[PDB]
Amino acid sequence: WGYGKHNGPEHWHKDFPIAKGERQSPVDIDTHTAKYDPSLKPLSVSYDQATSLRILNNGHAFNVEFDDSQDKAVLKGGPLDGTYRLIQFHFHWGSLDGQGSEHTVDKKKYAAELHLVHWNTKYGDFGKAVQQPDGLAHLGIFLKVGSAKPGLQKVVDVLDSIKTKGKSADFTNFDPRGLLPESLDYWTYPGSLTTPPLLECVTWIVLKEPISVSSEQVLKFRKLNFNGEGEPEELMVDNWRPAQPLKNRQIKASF
Ligand SMILES: [Hg+2]
Ligand SMILES: [Zn+2]
């Protein structure tokens, strides 16, 4: 499975038939169709005491992993019931600045999309969480190209180190709070992972307001490799999945 002409999103249904399920992600967020729900509580993000551990190129993206043995960095409130622990974050980028985001707003596509993955701790482990309709919580943030984001440089600088598939590097004392927008206004809907195994275990929380990163910042992402070290070089670009059918589902607005 990949993002190529032969193993891309259009072919995932063969190995993963849930690809054609009832609550697949991402979707298109119609701002006029979304429902302002007044019963929506504010998001509660506690990442003050977060412990970053490493960064790894898994062949489809780079993940920054966090120590989730304890309630260090948790997400609660909003549409959620209980606490979700951050386990990792990754991005989806395009080849150009006019594509990249997974989720669209009125069909508008961003240069990248940041996903912070959280798992419901009543289930005890990530493994068990991905077996529940309410197992995971994904915090989605759109990235636009403009001004440089000071808080993202640490990552940008380490990518030289995990060029190919399989490489990993120590990556401690990274504060995720640096990746957040000013506003916590969001959209929420029941969805899935946007990569195989496309499990329908996620409560998606997409923030209204984007963070801006510089062109030189996003450019470093495009220098990455899908391929493993010592194989034909395949640039890690367009590692996103097209929007899917909402199919009955309703998208709620916190604003
Ligand atoms: Hg599930
Ligand atoms: Zn993702």
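Heads up: numbering here begins at 1 and tracks the sequence. Reckoned from all heavy atoms, side chains included, excluding hydrogens, waters and symmetry mates.
Contact detail for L179 and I141: the closest heavy-atom pair is O-CD1, 3.8 Å. The shortest heavy-atom contact between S168 and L56 is CB-CB, 3.7 Å. The minimum heavy-atom distance between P176 and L86, with the atom names listed, is CG-CD2, 4.4 Å. Between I211 and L180, the shortest heavy-atom distance links the atoms CG2-C, 3.9 Å. Residue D238 comes nearest to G94 through the heavy atom pair OD1-CA, 3.1 Å, listed as atom of the first residue, atom of the second, then distance. Nearest approach of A50 to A73, heavy atoms of both residues: CB-CB, 3.6 Å.
No side-chain donor-acceptor contact under 3.5 Å links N225 and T164.
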*Test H92 against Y3 for ring-ring contact (aromatic ring centres under 6.0 Å, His included), laying out the working first.*
CA-CA 11 Å; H92 298 269; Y3 296 91; 7.3 Å; no

*asked:* With salt bridge (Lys or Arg N to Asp or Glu O under 4.0 Å) as the criterion, how do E102 and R241 come out once you've worked through the C-alpha distance, each side chain's angles and the decisive distance to 0.1 Å?
replied: CA-CA 6 Å; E102 285 203 313; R241 186 197 187 192; over 6 Å; no

*List the steps and the verdict of salt bridge (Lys or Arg N to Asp or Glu O under 4.0 Å) for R222 and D97.*
CA-CA 11 Å; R222 295 182 191 146; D97 309 324; 2.7 Å; yes

*Could you please spell out the steps behind the salt bridge (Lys or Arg N to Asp or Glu O under 4.0 Å) verdict for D71 and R85?*
CA-CA 6 Å; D71 292 13; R85 297 180 181 154; 2.8 Å; yes

*Applying side-chain contact (heavy atoms from CB on, under 4.5 Å), run through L114 and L143 and close with a yes or a no.*
CA-CA 7 Å; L114 166 63; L143 264 71; 4.0 Å; yes

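At least one side-chain heavy atom of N239 sits less than 4.5 Å from a side-chain heavy atom of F226. In this structure, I55 and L159 have side chains that are in contact, with non-hydrogen atoms separated by less than 4.5 Å. Annotation: side chain of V74 is not in contact with side chain of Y47 (no heavy-atom distance under 4.5 Å). Contact check for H90 versus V117: side-chain heavy atoms found under the 4.5 Å cut-off. In this structure, the side chains of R177 and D48 come closer than 4.5 Å at one or more pairs of heavy atoms.
Although no hydrogens or angles enter the test, the distance criterion places a donor-acceptor pair under 3.5 Å between the side chain of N58 and the main chain of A61. Within the 3.5 Å criterion, the main-chain N or O of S25 finds a donor-acceptor partner in the side chain of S192. Side chain of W93 to backbone of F221: a donor-acceptor contact under 3.5 angstrom is found.
With a 6.0 Å radius and a threshold of 12 heavy atoms from other residues, nucleotides or ligands, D170 has its CG atom at or below the threshold. More than 12 non-hydrogen atoms from other residues, nucleotides or ligands lie less than 6.0 angstrom from CD of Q250. With a 6.0 Å radius and a threshold of 12 heavy atoms from other residues, nucleotides or ligands, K154 has its NZ atom above the threshold. Crowding of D160 atom CG: a count of heavy atoms from other residues, nucleotides or ligands under 6.0 Å not exceeding 12. Remark: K167 NZ is loosely packed, at most 12 non-hydrogen atoms of other residues, nucleotides or ligands lying under 6.0 Å away. Counting non-hydrogen atoms of other residues, nucleotides and ligands closer than 6.0 Å to CD of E182 gives a total of 12 or fewer.
For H138 and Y84, the gap between ring centers reaches or exceeds 6.0 Å. In summary, the aromatic rings of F89 and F174 are positioned with their centroids under 6.0 Å apart. For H115 and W204, the distance between ring centers is under 6.0 angstrom.
For the side-chain contact (heavy atoms from CB on, under 4.5 Å) test with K163, the passing option among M236, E229, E233 is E233; the others fail. With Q24 as the fixed residue, the side chain to side chain donor-acceptor pair (under 3.5 Å) test singles out one of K247, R249, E200: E200.
Under the rule for a side-chain contact (heavy atoms from CB on, under 4.5 Å), the partners of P196 that lie at least two apart in sequence or sit in another chain are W1, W12, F16.
Annotation: cation-pi pair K108/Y110 present, NZ/CZ under 6.0 Å from the ring centroid and within 45° of its normal. Cation-pi check for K208 over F255 is met; the charged atom lies under 6.0 angstrom from the ring centroid and within 45 degrees of its normal.
Taking NZ of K41 as the reference point, atom CG of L43 lies at 12.0 Å (rounded to 0.5 Å).
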